Amino acid sequence: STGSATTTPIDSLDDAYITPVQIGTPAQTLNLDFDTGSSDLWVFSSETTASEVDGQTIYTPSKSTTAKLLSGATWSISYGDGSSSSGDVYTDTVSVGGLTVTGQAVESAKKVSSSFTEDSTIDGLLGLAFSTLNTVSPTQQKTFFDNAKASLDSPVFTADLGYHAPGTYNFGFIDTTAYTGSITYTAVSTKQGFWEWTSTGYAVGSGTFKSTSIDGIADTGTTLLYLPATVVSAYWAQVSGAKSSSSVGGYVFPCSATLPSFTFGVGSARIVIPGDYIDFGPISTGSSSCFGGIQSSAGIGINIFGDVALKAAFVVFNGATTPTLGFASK
């Protein structure tokens, strides 16, 4: 089997991408944030505290003839940005882009933190990291990809995120028309539950490539590119007037600036992030200070190849027995 679904930016900055997902029978379509940095499929629901729902579409398990309470199961998750959610668990039929999994754990939120309530465009998350990170207790549950893997033509999914435009998540096949050149594959460590890999270096603009190992995670659920402070300083030093602002929470730059590109290495290959992808616009409406899309990871504990980096590439998440990641230009 295969699936193919379009993913759409939630706003004009590509802060996140939503993908329609069919849950239950008859289908209830919710727009979920596909997150290769986490492993829970959770939704706003008829069980979510009413004051914490503000415009999201909810899953109502009592209206699905295929929903079954997973008795005793609870979940609770906290994300790197400090947001969180928790609840109980149903199993139900879940379909993405024509690919159907029966018996998928659908984690129904009883509580969500304010950042989720305040974003009416995201009805929940669909985790695509390794199932060892799933938070369901006392019986850990498998991700949608893990449940689908055996049925897929090939045990892979691909992320082709757009810049200020829709893109595609494919399951079970690699669309050879969606990228240019060849795909360069690189080793993955699953020891922390992430799609963790080592970039071979970077370049700033037209500068020379610096060969240096940068361990990080491919994370579609993170907006920005978070790299070591040395690398980030070298980038922003090429933008006149750019500075790190403690009050804003990262590097800002004059909105009048033209940003240089940023290149990252994948083996001997190179992925070029155009400068425009690094512009996240005014820090507040009407400001002439703009927020940078490359930020320091120093306070995170891990480097994160988020959407800023991933949308410059066609990215293969190869879930074979020994997982690997593939990157191609597009």
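Residues 90-419, in that order, are what chain A shows, numbered as in Swiss-Prot.
Header lists the method as X-ray crystallography, 1.1 Å.
A Cβ is built for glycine as well, from the same backbone N, Cα and C atoms used for every other residue.
Swiss-Prot annotations:
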| type | residues | note |
| --- | --- | --- |
| DOMAIN | 106-417 | domain 'Peptidase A1' |
| ACT_SITE | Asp124 | active site |
| ACT_SITE | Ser288 | active site |
| DISULFID | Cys344-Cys379 | disulfide bond |
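What Swiss-Prot annotates, mapped onto the structure for a quick look.
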residue : record         : Cβ contacts under 8 Å, 6 or more apart
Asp124  : active site    : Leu214, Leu215, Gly216, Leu217, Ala218, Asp308, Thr309, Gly310
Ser288  : active site    : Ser302, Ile303, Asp304, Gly305, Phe353, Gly354, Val355, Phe394
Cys344  : disulfide bond : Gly370, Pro371, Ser376, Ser377, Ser378, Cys379
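Using a 10 Å radius centred on the Cβ of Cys379 (disulfide bond) and all shown protein chains, the other Cβ atoms total 22.
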